[PDB]
Amino acid sequence: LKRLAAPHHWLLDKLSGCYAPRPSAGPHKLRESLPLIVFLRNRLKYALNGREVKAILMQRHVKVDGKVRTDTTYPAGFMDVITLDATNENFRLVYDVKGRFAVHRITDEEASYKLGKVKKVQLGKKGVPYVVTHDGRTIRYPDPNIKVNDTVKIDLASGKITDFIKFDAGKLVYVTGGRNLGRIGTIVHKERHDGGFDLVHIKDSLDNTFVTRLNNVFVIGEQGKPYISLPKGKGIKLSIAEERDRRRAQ
Amino acid sequence: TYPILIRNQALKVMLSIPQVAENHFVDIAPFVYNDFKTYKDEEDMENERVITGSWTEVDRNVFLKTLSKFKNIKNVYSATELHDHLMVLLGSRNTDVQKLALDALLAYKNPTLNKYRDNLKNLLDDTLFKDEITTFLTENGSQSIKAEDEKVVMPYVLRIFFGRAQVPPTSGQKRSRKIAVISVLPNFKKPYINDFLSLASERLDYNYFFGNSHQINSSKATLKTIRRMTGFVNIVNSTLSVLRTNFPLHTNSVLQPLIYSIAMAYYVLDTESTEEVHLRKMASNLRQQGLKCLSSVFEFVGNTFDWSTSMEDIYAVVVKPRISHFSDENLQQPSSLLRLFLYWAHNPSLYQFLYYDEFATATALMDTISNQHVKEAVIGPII
Amino acid sequence: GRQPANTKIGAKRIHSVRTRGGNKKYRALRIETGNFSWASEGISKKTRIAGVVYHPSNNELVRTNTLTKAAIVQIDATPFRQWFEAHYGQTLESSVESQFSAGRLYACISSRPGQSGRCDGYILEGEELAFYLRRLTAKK
Amino acid sequence: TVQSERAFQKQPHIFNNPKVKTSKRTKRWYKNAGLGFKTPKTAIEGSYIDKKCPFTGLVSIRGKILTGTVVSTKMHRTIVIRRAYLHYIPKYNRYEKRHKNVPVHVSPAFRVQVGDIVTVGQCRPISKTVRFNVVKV
Amino acid sequence: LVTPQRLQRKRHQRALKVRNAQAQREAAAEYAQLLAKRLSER
RNA sequence: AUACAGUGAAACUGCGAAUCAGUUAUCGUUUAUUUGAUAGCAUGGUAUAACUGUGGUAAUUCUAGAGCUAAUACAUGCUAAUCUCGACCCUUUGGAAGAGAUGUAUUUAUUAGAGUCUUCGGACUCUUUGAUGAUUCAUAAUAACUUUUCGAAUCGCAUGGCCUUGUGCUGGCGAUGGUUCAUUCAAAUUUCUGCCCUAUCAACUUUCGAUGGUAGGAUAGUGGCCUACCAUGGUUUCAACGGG
């Protein structure tokens, strides 16, 4: 019923009163999802305080990924889009260099799909197959070539799938968690243990490999074709010293 | 009139305007009138009336039909309010069966405590009709599969009595005695389907003895004849046609089940009437069962081929030619294996039978199998 | 824990019990009838309980005949008799066949009446029959 | 043996077909609760029952797999192993002799010897005090 | 009281039930088409 | 706005009222709430609140009496209808006579759930299912038991269309409810380590449970949490056991 031990990627100061917004129940976990209040108040500063955040939610105005959802503490977290008709905007909200949630600015034809790593797949009832992805989109009737740890392209206007994406060597991956948070690239080798501690290993320009547990990472896409425009010019975060060295060079 | 019926049910002065009492009990009115009138007849005494026997008869018919709960309870109270001698040892069973807590084992047990008196038979038949009037959706199913199975603990005479009780409202022997039936009532046509469902339920519950009652069997034949009459009397707005297709499929599958389940001490020497009805069912299209799931047509033909007695009424009509034609269709389905097994069973049971007609049917069957069993390419089961 | 139930035979009467987290449990007391099942070809029927003969942990229940799990039974044989002679056309295993004119059958209870409130029997057939006749011989 | 008790011992709901003939009368149910082991011949062609065993009984294994040396076997189907692991103390800055008691439910798959090393894993709690189960000695 | 609105809402409940079923058991068939495609593939 | 239509006190209903520390598993439990999927009678009766009155009582948020009247309160209750095979036609991307098939909740018993031939382009048949490390897993079929669960007797704004103008049949946006599954949030247990000083504490626990195994009961469940039956264990000089 309280807070202020908030996840520190929310850009939350300490002298903003005591409590933080407790994320209500929704699609995502609390530790990797930001609410609409911490979005619209102190992430892009379109509002000032919770009263007018309630005003711009119950103005029928916000539409998190296709629908209004008038709730201040609504945990719209990773890979969602937040469209607003006024201000022309669509925000796919993703991870970044340092770990916090980078906003995008996305046009409509890229804003009319999201994608999702499958969390589990089963057979639901009456013979019907059964797919649930990371946001609780329990979706019936996939294509039958279903793997787990696998990316499906959600149409997001009507809630079906429009495209399927497998996973193997030589196709992109993006990490959500660990020390290496918000980082792309997939080209070393595809090692697997049993009992976890396995990763699709990660490329670099200097062949730097980051290996974590496989629950965090999931596919964006392939070489030349990722399905999301990427933040800050394909952020791999080489070095601050290499950044200053490139500053001295060019 | 509802105020008048309420006032005459409140002021209980019976036998003062009892002139049209039995006529009103034999006449028709609404349900709001019927409930108050049955409450008044249960509030009366009915020992000495205009006709106390007619009052008890209308009480028995009301507890039969009853719409399965309310008039069943009211008529049970009326039957206890009458001369209910040798029924105080079954008043618990009557109240339990009229109540909605009718544990069927408890009702047949309290009657098994009230047994060796046989004074519970009409009440038990009316309770069976009340439990049979359950209609539609899985509560009616859970009650009907309980009722038709639990009524098997009864007398061997009273089972045929209940079958004749189902036969009574839709027998129509005076309608079908001359040529066939000519009047079409959908409400009585639905009762024929209810009799078909109850007879199939009783046959599946007890398919060894099955209890043949001849007027009930002829009434089932009359119901199938009314189905073919509606098919020839097509009502192409076709709610009646859909009801007649629902009645004829279950009717044929039920009439095949009775013969194919009893098959030893039933289907009496009047098999020519059923053969005539089957000829009427085959004269539309004899080869209308070319599917692999050919229900009751191929079953009746194969059961007549299997049981060696029925070959006489088989060869009365030319029906083995019809079964051979449906077998000798070009693109025939997986019922061709049952047709070949029928040829095996009908070779040593018609070619080893009486020479006048059964060997004639066997000769026609062998002449069919010589020049019509060519494409033996059953590449499926090697068995 | 909560109170004992010790349900008996005859006059079905069930407490309505709500427990921890929804999960409506039927604390049945004094069971009268029972659904039993042929264990080798699968036909089930509601069947009237007579008595309980065996208890596998305490002969206090052999005394008082309390219905619980895993208590061997002799029940009614009549609806199985009516199906056995009304659909067969035969109207008759051998040691199961020996329990026909004795008017009693043998089975076992698995569903808890103080938990589920049901009444289940499976007609024992085979080494179950052999061990439970040896248990009848252990008592007698 | 087949019995030690007033009740009967039987694999629940894994029954034979009591009409047709088979030369087992109870299909002895195979399982392996994980950990990459091959199924034991004593479970394929065994005779015991042991509802607390992880090869026929319905308990599952995962989680904390640890090892130790058997010292006590005197109980009923449960043995005590000796996790003889050395400890460290900030006072002495040396090493010291330490061990604790770990009981584990022994399975009659292979024999119960006093002195061997076992590899046992964390199970759903079989009793009041014992928490693990023998999956392999 | 029976209103023009109450049987309108009853009609809408009927329409919603029949529309949900008449989408569901057809989406079954469009899944079975892809299953038949993969069965012809393998 | 001659049912109602604005605000609306009161009241009912709905909703909400040694910290142990790090530390794994819940294939051992439930999962309110959010979120996403998800189910082929022109509409009946109670039994009452506020209120109107009669009082007691020094008095209490004390009350009894009768007259009243509401539901998303309590308690009953319903509409053929669709998917297969389709011989034939007339060419079909059909329409067809009809041989057929029919939800869910609980419980048990199962059962399934494992090298040629060529129009060189093509074919000529090859195997039934969702997985984890792992299953009596997920799921489907029969049989009945259900002190018979649900499958909407609900509400706000517009109220548009089809024309056979009935007073028909239809139709939008969304508020509540409700079956199951998943998610989310939780709880309650569980694996491994630790903290206060001590041998002027060396034996401690099977007293009236101590510690196991088998059944049963309790359990939301794994589980002496308990019952009986079978066994006589288990801990400890390692600083245990007891005490500061």
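From the list C:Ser40, C:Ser44, C:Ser94, which one is of a type in the set (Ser, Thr, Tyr), farther than 21 Å from B:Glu148 by Cβ and near RNA strand F (Cβ under 9 Å from one of its atoms)?
C:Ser40
How many of the residues in the range D:59-75 are outside any strand (DSSP E or B) and more than 12 Å from the chain's Cα centre (by Cα)?
3
Conditions: (1) in contact with a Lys or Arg (Cβ under 6 Å, 6 or more places away or on another chain); (2) farther than 30 Å from E:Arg25 by Cβ. A:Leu115 meets all but one. Number of the miss?
If we test A:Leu115 against (1) in contact with a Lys or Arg (Cβ under 6 Å, 6 or more places away or on another chain); (2) farther than 30 Å from E:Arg25 by Cβ, just (2) comes out false.
Any chance the range B:42-62 includes a residue that's more than 22 Å from B:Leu128 (Cα to Cα) and touching a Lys or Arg at 6+ places or on another chain (Cβ under 8 Å)?
Yes, because at least one residue in the range B:42-62 is more than 22 Å from B:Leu128 (Cα to Cα) and touching a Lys or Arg at 6+ places or on another chain (Cβ under 8 Å).
Output the number of the condition that C:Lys24 fails; it satisfies all remaining conditions of (1) more than 14 Å from chain D (Cβ to nearest Cβ); (2) surrounded by 12 or more Cβ atoms within 10 Å (Cβ to Cβ); (3) of a type in the set (D, E, K, R).
The one condition C:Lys24 does not meet is (2).
Say we look at the range C:33-45 and pick out the residues that are at the interface with another protein chain (Cβ under 10 Å from one of its Cβ atoms) and farther than 20 Å from B:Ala107 by Cβ; which of these is surrounded by the fewest Cβ atoms within 10 Å (Cβ to Cβ)?
C:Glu41
Just to verify a result, which residue in the range C:86-102, among those that are over 19 Å from D:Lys19 (Cα atoms) and either hydroxyl-bearing (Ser, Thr, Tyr) or under 19 Å from the mean Cα position of the chain (by Cα) (or both), is surrounded by the fewest Cβ atoms within 10 Å (Cβ to Cβ)?
Ranking the candidates gives C:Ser101 first.
Give the range D:7-20 a look and list any residue that's closer than 24 Å to D:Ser127 by Cβ and either touching a helix residue (DSSP H, G or I) at 6+ places or on another chain (Cβ under 8 Å) or at the interface with another protein chain (Cβ under 10 Å from one of its Cβ atoms) (or both), or say none.
D:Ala7, D:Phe8, D:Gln9, D:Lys10, D:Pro12, D:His13 - these are the residues of the range D:7-20 that are closer than 24 Å to D:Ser127 by Cβ and either touching a helix residue (DSSP H, G or I) at 6+ places or on another chain (Cβ under 8 Å) or at the interface with another protein chain (Cβ under 10 Å from one of its Cβ atoms) (or both).
Condition (residue is within 14 Å of chain C (Cβ to nearest Cβ) and either surrounded by 15 or more Cβ atoms within 10 Å (Cβ to Cβ) or assigned to a loop (DSSP other than H, G, I, E, B) (or both)) applied to the range D:34-43: is it met by at least one residue?
No.
Looking at the range B:286-298, which of its residues are near RNA strand F (Cβ under 10 Å from one of its atoms), touching a helix residue (DSSP H, G or I) at 6+ places or on another chain (Cβ under 7 Å), more than 13 Å from B:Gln256 (Cβ to Cβ) and not basic (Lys, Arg)?
B:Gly290
Yes/no matrix, rows are residues, columns are (1) in contact with a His (Cβ under 7 Å, 6 or more places away or on another chain); (2) more than 10 Å from RNA strand F (Cβ to nearest atom); (3) outside any loop (DSSP other than H, G, I, E, B); (4) more than 14 Å from chain C (Cβ to nearest Cβ):
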{"position": "B:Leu279", "(1), (2), (3), (4)": "no, yes, yes, yes"}
{"position": "B:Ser284", "(1), (2), (3), (4)": "no, no, no, yes"}
{"position": "B:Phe300", "(1), (2), (3), (4)": "yes, yes, yes, yes"}
{"position": "B:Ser310", "(1), (2), (3), (4)": "no, yes, yes, yes"}
{"position": "B:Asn330", "(1), (2), (3), (4)": "no, no, no, yes"}
{"position": "B:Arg339", "(1), (2), (3), (4)": "no, yes, yes, yes"}
{"position": "B:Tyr355", "(1), (2), (3), (4)": "no, yes, no, yes"}
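Mind telling me which of the residues D:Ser4, D:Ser23 ends up being within 14 Å of chain C (Cβ to nearest Cβ), surrounded by fewer than 12 Cβ atoms within 10 Å (Cβ to Cβ) and near RNA strand F (Cβ under 7 Å from one of its atoms)?
D:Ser4
Take B:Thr251 and tell me if it is of a type outside the set (D, E, K, R), under 18 Å from B:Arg228 (Cβ atoms) and surrounded by fewer than 15 Cβ atoms within 10 Å (Cβ to Cβ).
no
Would you check which residues across the range B:236-277 are part of a loop (DSSP other than H, G, I, E, B) and touching a helix residue (DSSP H, G or I) at 6+ places or on another chain (Cβ under 6 Å) and list them?
Across the range B:236-277, the qualifying residues are B:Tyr267, B:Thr271.
When residues of the range C:46-56 are filtered for being more than 14 Å from chain D (Cβ to nearest Cβ) and more than 12 Å from the chain's Cα centre (by Cα), how many remain?
0
Within the range C:100-118, does at least one residue satisfy the condition of being within 14 Å of RNA strand F (Cβ to nearest atom), part of a helix (DSSP H, G or I) and more than 14 Å from chain D (Cβ to nearest Cβ)?
No, the range C:100-118 contains no residue that is within 14 Å of RNA strand F (Cβ to nearest atom), part of a helix (DSSP H, G or I) and more than 14 Å from chain D (Cβ to nearest Cβ).
Can you name every residue in the range B:369-383 that is hydrophobic (A, V, I, L, M, F, W, C), surrounded by 10 or more Cβ atoms within 10 Å (Cβ to Cβ) and in a loop (DSSP other than H, G, I, E, B)?
Passing the criteria: only B:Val378.
Report the residue count in the range B:230-259 for those that are farther than 17 Å from B:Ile216 by Cα and more than 13 Å from RNA strand F (Cβ to nearest atom).
0
Are any residues in the range D:90-121 hydrophobic (A, V, I, L, M, F, W, C) and more than 7 Å from RNA strand F (Cβ to nearest atom), and if so, which ones?
Residues satisfying the conditions are D:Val104, D:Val106, D:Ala109, D:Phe110, D:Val112, D:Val114, D:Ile117, D:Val118, D:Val120.
The rows are residues; the columns are (1) over 14 Å from the mean Cα position of the chain (by Cα); (2) away from every other protein chain (no Cβ under 14 Å); (3) assigned to a loop (DSSP other than H, G, I, E, B); (4) closer than 23 Å to B:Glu275 by Cβ.
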| residue | (1), (2), (3), (4) |
| --- | --- |
| B:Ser142 | yes, no, no, no |
| B:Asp149 | yes, no, no, no |
| B:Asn187 | yes, yes, no, no |
| B:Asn194 | no, yes, no, no |
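Do we have any residue at all in the range C:61-77 that's at the interface with another protein chain (Cβ under 9 Å from one of its Cβ atoms), surrounded by fewer than 17 Cβ atoms within 10 Å (Cβ to Cβ) and not in a helix (DSSP H, G or I)?
yes
Regarding the range A:120-131, can at least one residue be identified that is near RNA strand F (Cβ under 10 Å from one of its atoms) and within 19 Å of A:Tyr95 (Cα to Cα)?
No; the residues of the range A:120-131 include none that is near RNA strand F (Cβ under 10 Å from one of its atoms) and within 19 Å of A:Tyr95 (Cα to Cα).
So in the range B:154-182, with the set limited to residues that are of a type in the set (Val, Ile, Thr) and out of contact with any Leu (no Cβ under 9 Å at 6 or more places or on another chain), which one is surrounded by the most Cβ atoms within 10 Å (Cβ to Cβ)?
B:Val167
Do you know which residues across the range A:15-39 are under 19 Å from A:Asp96 (Cβ atoms) and of a type outside the set (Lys, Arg)?
Correct list: A:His28, A:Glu32, A:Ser33, A:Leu34, A:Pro35, A:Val38, A:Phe39.
FYI, it's all coordinate maths here, none of it is from the lab. Methodologically, a virtual Cβ is constructed for each residue, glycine included, from the backbone with ideal geometry; neighbour enumeration extends over all protein chains shown.
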